[PDB]
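*Asks:* Sharing a structure here in structure tokens format.
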RNA sequence: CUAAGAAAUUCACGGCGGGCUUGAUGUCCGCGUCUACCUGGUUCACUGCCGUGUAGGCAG
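Residue numbers (the authors' numbering), protein chains in the order written: chain B, 3 to 223, 239 to 322; chain L, -1 to 187; chain A, 326 to 434; chain C, 6 to 48, 77 to 231, 244 to 338; chain D, 6 to 338; chain E, 49 to 97.
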């Protein structure tokens, strides 16, 4: 939750077959926890050989397409699946379902490290995108060159550099590279605001956002409600459901050096915004913040409003 | 510069054109008044402008001889601007002077007209016209090329003279009736 | 009011990549100055004469035409001029036009 | 009182499209049957106009109405602002007549400012000016437009009579219709410079011509009272008084010699400027235009 | 009673579009072969000279504006350089039958209105209104700016019974004033002709020809169209003028507004002059309504008091109400 | 054509400032017209029944 | 170190046969679009231009 000394625009990334499930109660764009884990993976595998510190991530999502279908008379939708290989006797496999989608996202990476003065900006940008072109972002492959990968160069920009006119000018020159984009932010305080509004009957927060991504048809003495924005339900972190265990206690863990607790994820709210409506760009970035003695592990955009 | 004289000049406004047409009309009126009576050695003197800037200049300093370029202010059809600016008479300019190639000087200032004309009517075929008119055959030299604002060519080109580059110690000499020091480095005022 | 300018800039961005050269189209009535208010391509087709027509000439007429279209989107009556709510609408229209013009000034510039 | 949201002034000293016709010198009394100058093609693809090869003297002819009623607007919201403006202009007229503006307008007619490029490089220019009531010459004035300089407004009695006529026309005390004929030796077969349409040359019914607003620009070059420099020359009378070739807004509103600042100070809050600045303001009202918000 | 919610009157005194031609003075006798004035086209270029918002922007931007001027093309109309005299010609039908609506819901309101207007007519003829109309024909109001600063203006009015001139009038439109309406023998003859036309007791067709000297080649002023933007600014997004089969023309409503400048009877003054006859009687150039509706002097208040409740105003305000009925309009709710 | 405000104003908003500001924005319109020529004085109208 | 890491939906097919959309009609009345303008580099340090060849008579 440090303030960023720079911003890094991974400019245009086609994602091949990402995970469009995101939670047990959503299905659209993937969870922003995947983006936080991606930028932390870049912090691991190249972010220490350049003496930098990559924390924030700004989601943009230019173009979206999911592999769904509505089944011919039904009003809801289903997912398109894949054939898995056959069983041991070659009979058939038990089908689990996974939603798959195609993203075209752009990433804004906050940089904090002391190596911003030791290295030229283009070398930092080139090595970051050349590493990120061999990784994956929501369980989905990050696609190489296509018919129109002309904005291939990454760009780096220090937000502190220059005068106030210079900072805001270079900001609005960055926003010309987010052209059909729609940034995703967290709007937790609006969830508590509407809960304090309609908390006459039931102050359960599940009912609140379960009555916000909707059209609310009120009747004659029809006055359907007005949408304040593109409010959509998001998953917003994890809450524990078990006492934490030692690194050797839990059977079949991913390793034997980290403690494991069984958790439950923790639903939230946020809404998609154009990159003109935001004031600056340092307020737009996602950060992971955990309270480990309790079970509150979450991510948000701190210092947005 | 090899110019033994330095023609007096002073800037002023002009209604028939901007300051570029002012400098072109001033050089044309000087070369049509002084270079309409007699004399050959009336070279070029306009080195006050920047060399790499590629301009014609605006410093009021004629670069000719006394009699070969003194009749520009007393032209028989060169009135209308004899009192709108600081005028004068002939004089002597410094020995160190830039040979501003605004005149009938002979160089590669045109690959189309002069170069294609030497390809077509110079004992050559169309291949000589093709090899004469590249991008490095049509460009002015390092001299203050005054824009020919008269009936010089079919179009309104300049008085291009590809001579020795923008320097101080030029070697000037015998120009023509059109007043060309574009290959003769002459001084000025 | 901000959503209208935001959606208009997003529409200009979403249209300003698919067409390679934003040529003058027969029937471009709003494309008289919208031939540069739309996607201006400084390619070999849109040459220095197109790069100088849209370079020195700015999209203020596209901005002024857009401000007129924002004024004419809703109607005009005794509520837009006979109250401070219509005064609030006029101040918001001037502020949105100034914001869109300050955005478009850095577009060609 | 504030200013009017809609002010409009209609122009005085409105000229016509001057027609150029060539001919030989010392045909200078029988000049009514000279053949015209035609716009033709040469090669590129341009349009040029030249004299015939036996004709050396260009002839430019146009007429000019000097209307009068200079201060009175022709569109006006506030009637109180109109009353104050008419009292202000009447205060100007009763302090001093139009005779200074009339002498400077008659100086722009007495030289050949309307011969823009056609004068530059000419060895004799003669400007004959007739006053026309009916189809007659009431009084004639022939001149020598090279002696009467383009730069320094000297003293002459024929200019004083001609400025008395123009001042009577600008006041509202007579009908002034001046016919202007400018002979100019350029040489045989030389090039003339008519004005240029959006490259083609401006023409009338098969003759070459100058636009009317260009000669109207050549007449109102008066403004020798700058904030900048009293040593270069006179320019035309504009609000935000500007030259397009020089590219500089002279008389900038960060000084206070502006047209709108002078007019608002002298009409609204009675801060009457200097006398030459009053000549400038009345010259911008003889110019006319659309003022106000 | 109530007003009709749909009233409508038709225009009496309907003129044509006036066409402009040009010739030499002392050829006004042969002024019928004269060539037309042709709306031409030219290219202008001017600076920015309007009242720019003072210290909206920096003066370097002012210096940069003069580097990049606008350039546009406009329609103009000049006389031919041989000719000094404009000619403006139109025709006028004085119809008559003035108080009868052409659309009227209420059957008693129509009867009451027609009784009111018949009381006006047999009380006093149209001689006042026709005397003022004969002024606005005899002085050349319809030469709007073409009269302004003209040396000599002559109006010739002919009455046309069949393909034949019945009676010819000639005038000096500058000696006849622009502000006062005085007495004359020929104008009283023309006034009683126009009054017989308005009263419904005869046929009136006039041919009105105006001869205004301006000078050898000056500008004339037709009326001006507005521009649809199918053609670019290269191609007159600035100024289009009105024309017919290649002749410069003035609209018919422009001339008709020049004819019904009757109204001296408005509560400001007559020292200002007569104005046009409008409901809430307004001027477009002054930008204000004379004869405000909070004062009790507009057409609707005077009409509803004089028809619905028999409150006959002063005689001159009755002239105003009848002049609005001769103008015609879409009255009622 | 360029007209003015001459319709019967609803007598709840008939203020001098409101009416003057209504006259400040004159309604411009375009119309179709049909005249005779300047030398014809007769209309011929022809149909079949 | 990302509800992490893995994945073949496949083959084949005849949409055909028929059909009356009709009858009737008032779009009307009224209008001020003005006000003002420099396309002036040499629309080429060049098209025809002794040598196309930084040398030249060169509609300069």
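Heads up, the beta-carbon is just placed ideally off N, CA and C, and yes, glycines get one too.
Going by CA-CA distance only, name the one from 16/B, 88/B, 80/B and 107/B that's closest to residue 99/B.
*Replies:* 80/B
*Asks:* What is the DSSP secondary structure of residue 109/D, reduced to helix, strand or coil?
*Replies:* strand
*Asks:* Just verifying my parser: in three-state terms, what is the DSSP assignment at residue 116/B?
*Replies:* helix
*Asks:* Can you list, in chain order, the residues of its chain with a C-beta nearer than 6 Å to that of residue 391/A? Leave out the 5 residues immediately preceding and following it.
*Replies:* none
*Asks:* Shorter than 8 Å from the beta carbon of residue 137/C to some beta carbon of chain L?
*Replies:* no
*Asks:* So if I threshold CB-CB distances at 7 Å, which residues from the region 63 to 93 of chain D count as touching chain C?
*Replies:* 64, 67, 68, 71, 72, 74, 76, 78, 83 and 86
*Asks:* Closest to residue 50/E by CA distance: which of 68/E, 93/E, 75/E and 95/E is it?
*Replies:* 75/E
*Asks:* Which one or two residues does DSSP pair with residue 114/D in a beta bridge?
*Replies:* In DSSP, residue 114/D forms no bridge with anything.
*Asks:* Does the beta carbon of residue 338/C sit closer than 8 Å to a beta carbon anywhere in chain D?
*Replies:* yes
*Asks:* What are the boundary residues of the beta strand (DSSP E) that residue 3/C is part of?
*Replies:* Because chain C in this structure spans residues 6 to 338, residue 3/C falls outside the shown range and cannot be described.
*Asks:* Could you please give the first and the last residue of the uninterrupted alpha helix (DSSP H) stretch that includes residue 367/A?
*Replies:* Where residue 367/A is concerned, there is no enclosing alpha helix (DSSP H), given that its DSSP letter is neither H nor E.
*Asks:* Is the separation between the beta-carbon of residue 247/D and that of residue 53/E shorter than 8 Å?
*Replies:* no
*Asks:* In three-state terms, what does DSSP make of residue 324/C?
*Replies:* helix
*Asks:* Just to confirm, is the Cβ distance from residue 341/A to residue 371/A under 8 Å?
*Replies:* no
*Asks:* What do you reckon, are the CB atoms on residue 388/A and residue 426/A nearer than 8 Å?
*Replies:* The answer is yes: Cβ separation under 8 Å.
*Asks:* What's the gap between the Cα of residue 44/D and the Cα of residue 330/C?
*Replies:* 28 Å
*Asks:* Closer than 7 Å by beta-carbon distance: list the chain C residues that pair up with residue 29/L, in chain order.
*Replies:* Under the 7 Å cutoff, chain C gives no residues; its nearest Cβ is about 13 Å from residue 29/L.
*Asks:* From residue 102/B to residue 82/B, what does the alpha carbon distance come to, in whole angstroms?
*Replies:* 8 Å
*Asks:* Taking the beta strand (DSSP E) that residue 18/B falls in, what are its first and last residues?
*Replies:* 8 to 21
*Asks:* Measuring only between beta-carbons, confirm whether residue 14/L sits less than 8 Å from chain C.
*Replies:* Yes, residue 14/L counts as interfacial toward chain C.
*Asks:* Could you tell me whether any Cβ in chain C is nearer than 8 Å to the Cβ of residue 78/L?
*Replies:* yes
*Asks:* Report yes if the CB atom of residue 135/B is closer than 8 Å to the CB atom of residue 126/B, and no otherwise.
*Replies:* no
*Asks:* So if DSSP puts residue 59/B in a beta bridge, which residue, or which two residues, is it bridged to?
*Replies:* Beta-bridge pairing by DSSP links residue 59/B to 111/B and 303/B.
*Asks:* Check for me: the beta strand (DSSP E) holding residue 167/D runs from which residue to which?
*Replies:* 158 to 167
*Asks:* Could you give the first and the last residue of the continuous beta strand (DSSP E) run that contains residue 266/C?
*Replies:* 266 to 268
*Asks:* Going along the chain, which residues of its own chain have a beta-carbon closer than 8 Å to the beta-carbon of residue 23/L, five neighbours each way excluded?
*Replies:* Sequence-distant partners of residue 23/L (beyond 5 residues in either direction) whose C-beta falls short of 8 Å from its own C-beta, in its chain, are 12, 14, 15, 79 and 147.
*Asks:* Grab the span of the beta strand (DSSP E) containing residue 69/D for me, first residue to last.
*Replies:* It is not in any beta strand (DSSP E) - residue 69/D instead sits in the alpha helix (DSSP H) that spans 64 to 72.
*Asks:* Would a check of beta-carbon distances place residue 234/D closer than 8 Å to chain A?
*Replies:* Taking Cβ atoms only, chain A reaches closer than 8 Å to residue 234/D, which makes this a yes.
*Asks:* So what does DSSP say about residue 137/C, is it helix, strand or coil?
*Replies:* helix
*Asks:* How would you call residue 148/B, buried or exposed, if buried means at least 16 neighbouring beta carbons within 10 angstroms?
*Replies:* Counting C-beta atoms within 10 angstroms of its own C-beta, residue 148/B has fewer than 16 neighbours from the protein chains shown and is therefore classed as exposed.
*Asks:* According to DSSP, simplified to helix, strand and coil, what is residue 68/L?
*Replies:* helix
*Asks:* Less than 8 Å between the CB atoms is what I'm expecting for residue 15/C and residue 261/C, so what's the real figure, rounded?
*Replies:* Residue 15/C to residue 261/C, Cβ: 13 Å. No contact.
*Asks:* Within the 8 Å Cβ cut-off, does residue 354/A reach chain D?
*Replies:* It does; some Cβ of chain D falls within 8 Å.
*Asks:* Would you mind stating whether residue 108/L and residue 127/L have Cβ atoms separated by less than 8 Å?
*Replies:* no
*Asks:* Roughly how many angstroms lie between the CA atoms of residue 17/L and residue 113/C, to the nearest whole one?
*Replies:* Straight-line Cα distance between these residues: approximately 47 Å.
*Asks:* Looking at C-beta atoms only, is the number of pairs between the region 109 to 121 of chain L and the region 53 to 68 of chain L that lie closer than 8 Å three or more?
*Replies:* no
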